[PDB]
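Going by the authors' numbering, 16 is the number at position 16 of the sequence shown; the sequence numbering is gapless. See below for the structure under consideration.
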Amino acid sequence: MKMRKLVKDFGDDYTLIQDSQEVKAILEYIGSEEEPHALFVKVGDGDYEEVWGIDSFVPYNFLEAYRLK
């Protein structure tokens, strides 16, 4: 499983989440103690198939995202 991925490599099958409150909700949902400021999520079959975070609120293609789910 690839545990790290460059933002620039997140295609259209992913969605960016920046809303502070939604990030918090998601993190609790998946049970993560990590504190990213933005998420890249892949939604699948009515659930979150993947959840990745970046420590920056603004997404830069060069940032490295880390998989949380």
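Beta carbons: idealized from backbone N, C-alpha and C, even for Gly.
Item: 8 Å contact criterion, which residue 16 and residue 62 should meet: CB distance rounded; Value: That pair is no contact at about 16 Å.
Item: Exposure label - residue 25; buried when at least 16 CB within 10 Å; Value: exposed
Item: Nearest residue (CA-CA) to residue 81, options 54, 37, 11, 58; Value: Since the first residue of the chain shown is 1 and the last is 69, residue 81 is not available in this structure.
Item: Same chain only: Cβ atoms within 7 Å of residue 51, ignoring 5 sequence neighbours per side; Value: 26, 30, 39, 41, 68, 69
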